[PDB]
Amino acid sequence: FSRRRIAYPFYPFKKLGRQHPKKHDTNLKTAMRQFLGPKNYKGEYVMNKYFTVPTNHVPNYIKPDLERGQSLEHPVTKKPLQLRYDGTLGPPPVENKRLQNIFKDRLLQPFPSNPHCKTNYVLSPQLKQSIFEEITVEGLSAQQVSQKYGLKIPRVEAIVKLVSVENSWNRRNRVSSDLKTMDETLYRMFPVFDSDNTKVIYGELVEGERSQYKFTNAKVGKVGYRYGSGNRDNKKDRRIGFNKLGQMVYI
Amino acid sequence: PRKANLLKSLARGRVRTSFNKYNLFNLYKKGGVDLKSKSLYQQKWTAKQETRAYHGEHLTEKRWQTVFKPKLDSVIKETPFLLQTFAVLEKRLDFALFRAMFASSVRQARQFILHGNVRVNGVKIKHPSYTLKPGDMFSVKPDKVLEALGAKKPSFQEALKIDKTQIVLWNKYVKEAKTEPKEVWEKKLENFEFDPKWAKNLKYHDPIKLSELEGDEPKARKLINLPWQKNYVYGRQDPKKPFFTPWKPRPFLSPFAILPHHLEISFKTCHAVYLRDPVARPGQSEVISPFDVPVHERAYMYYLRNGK
Amino acid sequence: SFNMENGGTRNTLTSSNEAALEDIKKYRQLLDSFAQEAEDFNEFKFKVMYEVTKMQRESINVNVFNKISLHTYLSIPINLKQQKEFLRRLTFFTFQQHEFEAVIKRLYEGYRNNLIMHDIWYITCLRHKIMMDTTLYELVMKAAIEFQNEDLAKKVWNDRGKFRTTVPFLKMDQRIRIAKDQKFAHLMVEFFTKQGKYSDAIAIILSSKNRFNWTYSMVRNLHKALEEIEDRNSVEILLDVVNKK
Amino acid sequence: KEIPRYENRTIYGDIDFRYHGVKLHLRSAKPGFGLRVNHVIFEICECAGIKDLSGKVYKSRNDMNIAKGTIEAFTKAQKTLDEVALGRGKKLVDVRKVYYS
RNA sequence: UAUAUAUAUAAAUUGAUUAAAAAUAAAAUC
Ligand SMILES: [Mg+2]
Ligand SMILES: [Mg+2]
């Protein structure tokens, strides 16, 4: 058996009662408004748990199963606030023990359904600068630093490249106040990593010649475009690549 | 590609690769994918529906089938091999941008690439279907990333109305403080949990009528001056950048803020390096996805046989 | 100690400085007398071999004191993770062959034509000591791996190289010698893998690919360590070395 | 009933079984290889804990008989390598298949 | 350097009287 199942919230919510004929509302919209909470004149939803980003280096990921759909807290005191029959937000009768007892792994789990998905730790700027100094200045290999800091070699090389690019951008004053704010904010939203031959002929060039020929040695029977090769231009297996300029070319 | 149509419908409840408020609610209320009481074909169809709604929705079905790779890569807990069903889409440039938190959604990443705001190893790339190889460096224009991650820039009229309300509320607070400073100080300290000059320091603010002030931005900029908001209209400190100018994060950013395992990101420069293709290891899969392993298993079974 | 002393009947382990001086005197007499009789250095060395072999049997039980029992005795602290006791036991109950032969040459030069009494005391102390065979060297290498002591590993590889020159090693067959050398090389590879010096381990593996057959069992730890850091080039090189077959 | 499972994911070897007119040919599979079998066999493997399998059903395709034959084949048409080694008086290394490149 | 702003009135397309929706779909804004 299978049928269309409108994705109503799995948790309890306040369904529509008798409606004035012109409301033209839906239970889904009411559930969305209950999850969102009241909206400000500025357009914000301060009541919601997740409206504002975290700053304690611990992510704030949705936990609909643990909180049973109650996603409204006081913006300042950060204490739970449930809808009441009078229509106001107020303290809950009994506080959910599940929300105090949260496993450390689940805090790094972005999506409630998938446990295997987890966020990655963000390296501190000091560690990146230390890696830059260790590699470029002290001449250490990527293997030794990767073993030293519990890191992987491709990540070490990427860190080297990124720190070099950051140094260049800081040289040109390209990093701006807004960019600094954005970097700082996204830094505090994530957990922080803890350290502990073929012959070649280059041709003669003459004035006025716009190009120079390059001749590569090759072996007969292996060099050339084959005769009768399959044509995939009109097939779903058509082969596409990108030029050195970056344009798209059929291969 | 497909035309974006009802990507955030609450009734259908599909989850998309996006930071939408409606997408957030759809993800929040979903719970899990219900596979009980369904035949094998129905289970496979539901799994395909959900996973393709999230993974590569903008791709056409036949194009995804051609791009689909029946093989999977991996490198004590059980390794989730079949979460790698959609790992092939992760090397695409737009997907890399989205996973690097340089775009609010894969569609916005596609638009950023198509409009010439993205570079890969220093050469401009204008094709979202471009595929990255390990070690490839890509970067985005900083203004585009700030717009994608920053809050929306208000218009002059809306921000003027917000400033009217702000001036009004400041005047109300000033009146309350001046009339009864005792209870105001008591409330302030209680919320945190005397000198009469404090209430003298507070100053009223001239109420503003927008009918005469409309159409002239510098006049309003000079007239509006609040202790936090000095000499600019709400959200328009410098009305020439494409975002809410006093830069604050877009709303509902924390639910989707996920740091990838296969990309290394430098947000100061809006640069990133594609370390590797996502792989599956014991107890973890580097393919970010909101669906559990059985859903990907059923989608893989569907796409092995083309829905046969 | 109770077993060494045959239940206390032999007072070999109990020692005194008076006994030390008197034994040094007696053995100086015996050896500096012996120095002249022998036809050549080889014959004097043979006399010293017989002397030490008979002395050790006279002083300590032959059956109880041997390679196997000493191996277990020294293996105790390694499992118990006590380096000081292991080193004390190793020094006290084991003698290195090359040092002994060097002492024989030195005493030959001294007699035929404070250090002298030290050499005499060495020859006297041989009654408490067993020659360090290849298995005991491998055991000390295992102790180096367990304790993560670079100094011990360096000293052990020096002593192993010197022991290779000594006659007891060359007495054995070529195949046994190759097997023991391969075991030592694998132990060194494991040591460098634990120390994190993967470059040194791959260097050892590559340098001796032809003379030693490298299997995946020996390099499994190295492969795991290299995969954990994702050094695909080194992994490919090592796998090519092992699996070229 | 408990069923033998090789590496907790698949059957130990190829199984050719006969049940009341249903011929089951079930082949083991590599890690990551999904369940590619009759839907009844797919559900039975899902409940049993078998993750990797291939197979084909010949002659009768009755769902009830397929299910009973699948259970009985898992129970009698299967033997652990430990059992084989102990019965033949050999070590597990002697009965493991050697790799050929 | 305040900030869960709160009150009013007015309206509110198709279906329906609540798990019956169309529908964030429109408009509008950037
Ligand atoms: Mg149907
Ligand atoms: Mg009507």
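Here the structure is shown first, and the text comes after it.
Calculation criteria
Residues numbered from 1 in each chain as written, not as in the entry; some residues may be left out. Chains lettered and ligands numbered in written order. Part of a larger assembly, values for the part shown. Heavy atoms only, no water. Salt bridge = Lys/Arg side-chain N within 4 Å of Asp/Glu carboxyl O. Helix = DSSP H or I, 4+ residues; strand = E, 2+ residues; numbered from the N terminus. Buried < 20%, exposed > 50% of the residue type's maximum accessible area, 1.4 Å probe, protein only. Pairing = 2+ DSSP bridges. Core = buried A, V, L, I, M, F, W, Y, C linked by side-chain atoms within 4.5 Å. Contact = heavy atoms within 4.5 Å. Buried area = accessible area lost by both parts, 1.4 Å probe. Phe/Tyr/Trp six-rings, centres within 6.5 Å; stacked < 30°, edge-to-face > 60°. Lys NZ or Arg CZ within 6 Å of the ring centre and 35° of its normal. Expected span 1.5 Å × (residues − 1). Nonpolar A, V, L, I, M, F, W, Y, C, P; charged D, E, K, R; others polar. Axes fitted to C-alpha atoms, helices over the stretch in contact; angles between N-to-C directions. Parallel < 35°, antiparallel > 145°, perpendicular 65-115°, else oblique. Left-handed = near helix turned anticlockwise from the far one by under 90°. Near = heavy atom within 4 Å. Polar contact = N/O pair within 3.5 Å; in protein donor to acceptor, adjacent residues only side chain to side chain. Patch = residues over 30% accessible without salt bridge, like charges linked within 9 Å, V, L, I, M, F, W, Y side chains within 5 Å. Areas by Shrake-Rupley, 256 points an atom, 1.4 Å probe, with all protein chains shown as cover. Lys, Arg positive; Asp, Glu negative; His and termini not counted. Charge placed at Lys NZ, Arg CZ, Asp CG, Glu CD.

Novice: Go over the pattern of salt bridges, please, and point to the residues and values.
Specialist: Residue and element names in this part refer to chain B. Throughout the structure, instances matching the rule amount to 42 salt bridges over all chains. Here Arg276 makes a salt bridge to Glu286, at a shortest N to O gap of 2.7 Å. One end of the pair, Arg276, is in the loop between β5 (271-274) and β6 (280-281); the other, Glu286, is in the loop between β7 (284-285) and α12 (293-305), and 10 residues separate them in sequence. We note that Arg276, like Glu286, is buried.

Novice: Lay out the sheet that holds strand β4 (residues 53-59) of chain D with the relevant residues and their values.
Specialist: Residue and element names in this part refer to chain D. If you trace the four strands from one edge of the open sheet to the other, you get β1-β2-β4-β3, paired in mixed fashion. Looking along the sheet, the strands with just one partner apiece sit at the ends: β1 (15-19) and β3 (35-36). Sheet topology places β1 next to strand β2 (residues 22-27); five bridges connect them, and they run antiparallel. Counted as the bridge partner of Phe17 is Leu24 from β2.

Novice: Lay out the nonpolar core in plain terms, naming residues and giving numbers.
Specialist: Among the nonpolar cores identified, the biggest contains 92 residues, and A:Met182, B:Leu93, B:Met101, B:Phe102, B:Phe138 and B:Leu149 are the most heavily contacted of them. Counting 86 residues, the second largest nonpolar core, distinct from the first, contains C:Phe44, C:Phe93, C:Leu136 and C:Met141.

Novice: Describe the interface of chain C and chain A, and please don't skip the residues or the numbers.
Specialist: On the chain A side, the residues contacting the 10 residues of chain C number seven residues. Of the roughly 640 Å² buried between chain C and chain A on both sides combined, carbon and sulfur atoms contribute 48%. Counting across the interface, chain C meets chain A through zero salt bridges. Those elements that provide at least two residues to the side of chain C that touches chain A are α11 (198-207) and α12 (216-229) of chain C. For the side of chain C that touches chain A, the element with the highest residue contribution is α12(C), accounting for three residues.

Novice: Could you give an account of the packing of aromatic side chains, naming the residues involved and the relevant values?
Specialist: Taken as a whole and assessed by the stated rule, the structure comprises 41 aromatic pairs over all chains. Measuring from ring centre to ring centre gives 5.9 Å for C:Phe44 and C:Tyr108, while their planes differ by 40°; the resulting arrangement is tilted. With a gap of 64 residues between them, C:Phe44 in helix α2 (residues 41-59) and C:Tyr108 in helix α5 (residues 97-112) connect regions that are remote in the sequence. For the pair shown, C:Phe44 and C:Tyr108 are each scored as buried. Relative to C:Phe93, the ring of C:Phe65 has its centre 6.1 Å away and its plane inclined at 55°; by these criteria the two rings are tilted. Taken as a pair, C:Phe65 in the loop between α2 and α3 (67-80) and C:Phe93 in helix α4 (residues 83-93) lie far apart in primary sequence, 28 residues in all. Owing to a relative accessible area of 6%, C:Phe93 belongs among the buried residues under this scheme. Grouping aromatic residues by their ring pairs yields a cluster made of B:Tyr41, B:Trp45, B:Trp64, B:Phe68, B:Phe86, B:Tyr300, B:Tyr302 and B:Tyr303. We note A:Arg174 situated over the ring of A:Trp169; from NZ or CZ to the ring centre the distance is 4.2 Å. For the cation-ring pair, B:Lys48 lies above B:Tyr302, with the distance from its terminal atom to the ring centre recorded as 5.8 Å.

Novice: Hey, could you go over α12(C) for me, with residue numbers and the actual values?
Specialist: Here α12(C) is 14 residues long and its end C-alpha atoms lie 19 Å apart, about the 20 Å a rise of 1.5 Å per residue gives. Buried residues in α12(C) make contact with α6 (142-148) and α7 (153-171) of chain A together with α10 (174-195), α11 and α13 (232-243) of chain C. Once α12(C) ends, the next one or two residues include C:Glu230, with phi positive near 55°.

Novice: Report on the interface of chain B and chain A, specifying residues and quantitative values.
Specialist: At the interface, 76 residues of chain B touch 76 residues of chain A. Across the chain B/chain A interface, buried area totals approximately 6,600 Å², and carbon plus sulfur atoms make up 68% of it. Viewed at the interface, chain A and chain B are joined by two salt bridges. Across the salt bridge formed by B:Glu264 and A:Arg155, the nearest N and O atoms sit 3.5 Å from each other. Ranked by residues supplied to the side of chain B that touches chain A, first place goes to helix α1 (residues 21-30) of chain B with eight residues. Partitioning the side of chain B that touches chain A into residue classes produces 43 nonpolar, 20 polar and 13 charged.

Novice: Explain unusual backbone geometry to me, and be specific about the residues and the numbers.
Specialist: Positive phi values are uncommon outside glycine, yet C:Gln148 reaches one of about 55°. The residue C:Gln148 is located in the loop between α7 (134-147) and α8 (150-165) in this model. The exposure class of C:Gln148 is partly exposed, given its relative accessible area of 45%. A positive phi is found at D:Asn8, a non-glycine position, where the angle reads about 65°. By secondary structure assignment, the location of D:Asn8 is in the segment before β1. Classification of D:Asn8 as partly exposed rests on a relative accessible area of 47%.

Novice: Give me the packing of α10(C) against α11(C): which residues, what numbers.
Specialist: Residue and element names in this part refer to chain C. Direction vectors running N to C along α10 and α11 enclose 160°, while the axes themselves pass 7 Å from each other. Here α10 is positioned roughly antiparallel relative to α11, judged by the angle of their axes. When the axes of α10 and α11 are compared, the crossing they make is left-handed. Together, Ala185, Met188, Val189, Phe192 and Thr193 of α10 and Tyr198, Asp200, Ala201, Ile204 and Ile205 of α11 make up the contact between the two elements. Residue classes in the contact of α10 with α11 are distributed as eight nonpolar, one polar and one charged.

Novice: Which residues make up the protein's contact with RNA strand E, and what are the values?
Specialist: Close to RNA strand E lie 42 residues, the nearest being A:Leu16, A:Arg18, A:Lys22, A:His24 and A:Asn27. A:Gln19 places a main-chain nitrogen or oxygen 3.0 Å from a base oxygen of RNA strand E. Contact between RNA strand E and A:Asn27: a base oxygen at 2.4 Å from a side-chain N or O atom of the residue. Elements with a minimum of two residues in the surface near RNA strand E: α1 (27-36) of chain A together with α7 (156-179) of chain B. For the surface near RNA strand E, the leading source of residues is α7(B), giving five residues.

Novice: Give a description of a nonpolar patch on the surface that names residues and reports values.
Specialist: On the surface, B:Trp185, B:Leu189, B:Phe192 and B:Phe194 cluster together into a nonpolar patch covering about 430 Å² of accessible area. Turning to its location among the elements, B:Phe192 is positioned in helix α8 (residues 181-192).

Novice: Any chance you could break down a positive patch on the surface for me, citing the residues and the numbers?
Specialist: Taken together, the side chains of B:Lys69, B:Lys71, D:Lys30 and D:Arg36 present a region of like positive charge at the surface. Within the element layout of this structure, D:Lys30 appears in the loop between β2 and β3.

Novice: So what's going on with the sheet that holds strand β1 (residues 118-120) of chain B? Residues and values would help.
Specialist: Residues and elements named next belong to chain B. In spatial order, the strands read β2-β1-β3-β5-β4; together these five strands make up an open sheet with antiparallel pairing. Looking at the sheet topology across the chains shown, the edges are occupied by β2 (123-124) and β4 (263-266). Examined bridge by bridge, β4 and β5 share four bridges and lie antiparallel to one another. Counted as the bridge partner of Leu263 is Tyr274 from β5.

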